[PDB]
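A short worksheet on the structure shown next.
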Amino acid sequence: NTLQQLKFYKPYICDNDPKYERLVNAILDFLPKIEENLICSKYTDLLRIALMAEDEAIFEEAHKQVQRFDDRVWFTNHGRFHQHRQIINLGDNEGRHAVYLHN
Amino acid sequence: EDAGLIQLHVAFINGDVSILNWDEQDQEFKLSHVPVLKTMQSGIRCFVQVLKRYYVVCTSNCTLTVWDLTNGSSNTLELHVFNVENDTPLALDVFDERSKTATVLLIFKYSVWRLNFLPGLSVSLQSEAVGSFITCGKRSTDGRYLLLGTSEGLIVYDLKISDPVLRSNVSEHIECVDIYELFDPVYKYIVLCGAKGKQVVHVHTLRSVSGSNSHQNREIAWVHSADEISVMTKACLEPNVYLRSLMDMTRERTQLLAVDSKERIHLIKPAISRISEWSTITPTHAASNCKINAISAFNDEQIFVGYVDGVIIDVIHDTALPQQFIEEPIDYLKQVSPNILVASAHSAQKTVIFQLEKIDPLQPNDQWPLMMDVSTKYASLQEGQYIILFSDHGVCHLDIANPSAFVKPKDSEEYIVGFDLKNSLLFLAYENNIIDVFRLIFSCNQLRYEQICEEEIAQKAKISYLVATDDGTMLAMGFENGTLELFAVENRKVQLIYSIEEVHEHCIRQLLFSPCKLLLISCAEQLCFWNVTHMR
């Protein structure tokens, strides 16, 4: 769930500016930070928590989607220093023993 | 290394009640000659001291014993153990080490024992006060600071050498199953990461202005008012208002905090309840026999309710104490009506009439526990068997109750449900992956191919509630054992936000809203920040 994603992110910055570049450099944060869930059922938090630290005009460009009727989501979820996190663990699964490598 | 001077050997004790040593300096085990000696009986936690001639041995009896490697086997010093009485039956805890060549480290239950050469009784330290003690951490390159705590399902504690300060914080909460915990050295640069029982990983930076966030925030309450949002936390009243970062800290050590309808402050003190305009001397009077677990206040000034550890229920400013005749109360509630229905552990609902009785509040319907809601004119009783509706004869006094809708649902019945506002219809939803909207009538279990009512894709255990909302459909809530979702009466639609972060929702799962006025929505678990979310 990522390195591939991540692996895309080194080459494909080919033509961009600090706007987009730090935008990704940021979004690198969500990548741990994002949680695994019911997948895309609850896609909702991600959009607005992309605005926590905002160099991005993304959600402003999402103004043509996120607001649509009663069908998909309505304007909520605001945050702006809410929900804390910066959390790197997306798994809900089982485990027994664990520990770090000394290197 | 007792051979070369290379590597660290491994030794343990089998069920043969004798010590077993393994000599490994390269690849495959050697086992040169004889073990040279054995060990009497068997312990649980055994390890070597700073001297290779002595081995500390701890048994399941939580006693301190030692068998010397050289100069005989059993010698002395069985004397002076601090506490032989455990809080819960267990074995002795994990023995530790220090970076010093003399001072060693140990931890026992809620206390930390720092030891030294000579027989013992040197240093005894505790970070602070508080389940059973199972998991514990440790550090090496970090400067040998000891991770520890009583139980700490929230905010695991770290102890710096010789000082009582907490530089660590946990916003991820945690669960408790196994013993595995530890922190990375960090190779130079500093930050920390570790794994625990929930099978997750905490990442934290010790840089910050102030600690001690432990006991200040656990649950979250809210001030009841009209279109005004004020939230409260642990350690009674901490002032909070809309779009303001102002925070004050004062702790009278409350158990569970409730709020009146007006600016009047309702609070709780150990072994008593208090009701006051503002809080200085906090005047009050109570006939209560023992400590009260929780206490709450109505909107109107009529009487009061709450569940105590015993029969007596205290009130203030009002006469005519309740009639009781019940072992201990469980589920309370608030009504603007003069009469108040109260659930009980004996599952006999009680009718409380203000400043008068003229009736006998004895109704032992069933032995299955009762939990109740209300719509408008009808009292809704949800039992462990069926759901029965009562028709109130009057708001002043309740004598007779006419049955309307009663039906026995499917096996593995749902715990608790909820109703809308300005509707007053019949709603019965099974607990696992299905929810159904019905019509009042007498009883209707029929759905079939006529219409499709919502859906349930997640919730299984501990279904909570639902309420009236804006134009489209209706909303359901609660973070317990899952998340909250949104669906449409005749169709399917989008659903709301995730449970904020942490699991194990706090005691009150109620959501903060005005039904037709809804703007702000507030939800949090433990350490979460300001919950404000609105619409444009």
Within the stretch B:135-156, residues over 12 Å from B:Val94 (Cα atoms) and either of a type in the set (D, E, K, R) or under 16 Å from the mean Cα position of the chain (by Cα) (or both) come out as B:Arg139, B:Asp142, B:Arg144, B:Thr150, B:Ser151, B:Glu152, B:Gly153, B:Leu154, B:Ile155, B:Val156
Out of the stretch B:506-521, which residues are closer than 17 Å to B:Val467 by Cβ and either hydrophobic (A, V, I, L, M, F, W, C) or buried (at least 16 other Cβ atoms within 10 Å of the Cβ) (or both)?
B:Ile508, B:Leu511, B:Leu512, B:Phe513, B:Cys516, B:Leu518, B:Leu519, B:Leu520, B:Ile521
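Sort through B:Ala271, B:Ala235, B:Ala287 and tell me the only one that's of a type in the set (A, V, I, L, M) and crowded, with 17+ Cβ neighbours inside 10 Å. Write out each step before concluding.
Working: B:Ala271 fails: crowded, with 17+ Cβ neighbours inside 10 Å; B:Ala287 fails: crowded, with 17+ Cβ neighbours inside 10 Å.
Sole residue among the options that is of a type in the set (A, V, I, L, M) and crowded, with 17+ Cβ neighbours inside 10 Å: B:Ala235.
Of the residues that make up the stretch B:62-71, is at least one more than 21 Å from B:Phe95 (Cα to Cα) and more than 44 Å from the chain's Cα centre (by Cα)?
Scanning the stretch B:62-71 turns up at least one residue that is more than 21 Å from B:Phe95 (Cα to Cα) and more than 44 Å from the chain's Cα centre (by Cα).
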Please determine, by comparing only the residues of the stretch B:179-203 that are crowded, with 16+ Cβ neighbours inside 10 Å and among the charged types (D, E, K, R), which one is nearest to the other protein chains (Cβ to nearest Cβ).
B:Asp184
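So which residues in the stretch B:501-536 are of a type in the set (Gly, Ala, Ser) and farther than 21 Å from B:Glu152 by Cβ?
Those that are of a type in the set (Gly, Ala, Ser) and farther than 21 Å from B:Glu152 by Cβ: B:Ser514, B:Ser522.
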For the stretch B:76-92, indicate whether the set of residues that are surrounded by 11 or more Cβ atoms within 10 Å (Cβ to Cβ), of a type in the set (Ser, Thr, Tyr) and part of a loop (DSSP other than H, G, I, E, B) is non-empty.
no
Would you please list the contacts, defined by Cβ atoms under 6 Å and residues six or more apart or on different chains, that run from a residue in the stretch B:525-536 that is under 11 Å from B:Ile229 (Cβ atoms) and at the interface with chain A (Cβ under 7 Å from one of its Cβ atoms) to a residue that is small (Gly, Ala, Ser) and surrounded by fewer than 19 Cβ atoms within 10 Å (Cβ to Cβ)?
B:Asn531/B:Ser522
Residues of the stretch B:12-49 being of a type in the set (A, V, I, L, M), part of a loop (DSSP other than H, G, I, E, B) and surrounded by 15 or more Cβ atoms within 10 Å (Cβ to Cβ), in sequence order, are B:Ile44
Leading residue by the ranking (farthest from the other protein chains (Cβ to nearest Cβ)) among those in the stretch A:26-50 that are β-branched (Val, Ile, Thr) and over 18 Å from B:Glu455 (Cα atoms)
A:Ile27
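Residue-by-condition table, conditions (1) more than 22 Å from B:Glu175 (Cβ to Cβ); (2) out of contact with any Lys or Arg (no Cβ under 7 Å at 6 or more places or on another chain):
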| site | (1), (2) |
| --- | --- |
| B:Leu90 | no, yes |
| B:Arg98 | yes, no |
| B:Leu118 | yes, yes |
| B:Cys136 | no, yes |
| B:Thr141 | yes, yes |
| B:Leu148 | no, yes |
| B:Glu152 | no, yes |
| B:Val156 | no, yes |
| B:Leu159 | yes, yes |
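Looking at the stretch B:106-133 only, could you name the residues that are of a type in the set (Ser, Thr, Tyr), within 26 Å of B:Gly197 (Cβ to Cβ) and part of a strand (DSSP E or B)?
Just the residues of the stretch B:106-133 that are of a type in the set (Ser, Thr, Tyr), to begin with: B:110-111, B:122, B:124, B:127, B:132.
Filter once more, so that each one left must be within 26 Å of B:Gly197 (Cβ to Cβ): B:110-111, B:127, B:132.
Of everything in the stretch B:106-133, just one residue is of a type in the set (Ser, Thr, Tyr), within 26 Å of B:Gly197 (Cβ to Cβ) and part of a strand (DSSP E or B), namely B:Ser111.
Residues to consider are A:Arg96, A:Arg85; find the one that is at the interface with another protein chain (Cβ under 8 Å from one of its Cβ atoms) and loosely packed, with under 13 Cβ neighbours inside 10 Å. Talk me through it step by step, then tell me what you get.
Numbers: A:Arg85 fails: loosely packed, with under 13 Cβ neighbours inside 10 Å.
After ruling out the rest, the residue left standing is A:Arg96.
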Could you grab the pairs with beta carbons closer than 7 Å, sequence gap of 6+ or different chains, first residue in the stretch B:244-255 and closer than 16 Å to B:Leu267 by Cα, second one not in a loop (DSSP other than H, G, I, E, B)?
B:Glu252/B:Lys269; B:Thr254/B:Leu267; B:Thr254/B:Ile268; B:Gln255/B:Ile268; B:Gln255/B:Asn293; B:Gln255/B:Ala294
Hey, B:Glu414 hits all of (1) of a type in the set (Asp, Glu); (2) under 23 Å from B:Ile441 (Cα atoms); (3) over 35 Å from the mean Cα position of the chain (by Cα) but one; which does it fall short on?
(3)
Wholly enclosed strands (runs of 3 or more DSSP E) of the stretch B:292-375 bearing at least 3 residues touching a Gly at 6+ places or on another chain (Cβ under 8 Å) and surrounded by 19 or more Cβ atoms within 10 Å (Cβ to Cβ):
B:292-296
Tell me yes or no: at least one residue of the stretch B:233-244 is within 11 Å of chain A (Cβ to nearest Cβ) and part of a loop (DSSP other than H, G, I, E, B).
yes
In the stretch B:485-502, which residues are of a type outside the set (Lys, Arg), at the interface with chain A (Cβ under 10 Å from one of its Cβ atoms) and surrounded by 15 or more Cβ atoms within 10 Å (Cβ to Cβ)?
B:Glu485, B:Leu486, B:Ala488, B:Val494, B:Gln495, B:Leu496, B:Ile497, B:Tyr498, B:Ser499, B:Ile500, B:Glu501, B:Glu502
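Since every read-out is calculated from the coordinates, none of them should be taken as a lab result. Please note: Cβ atoms are built from the backbone with ideal geometry, for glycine as well, and neighbour counts cover all protein chains shown.
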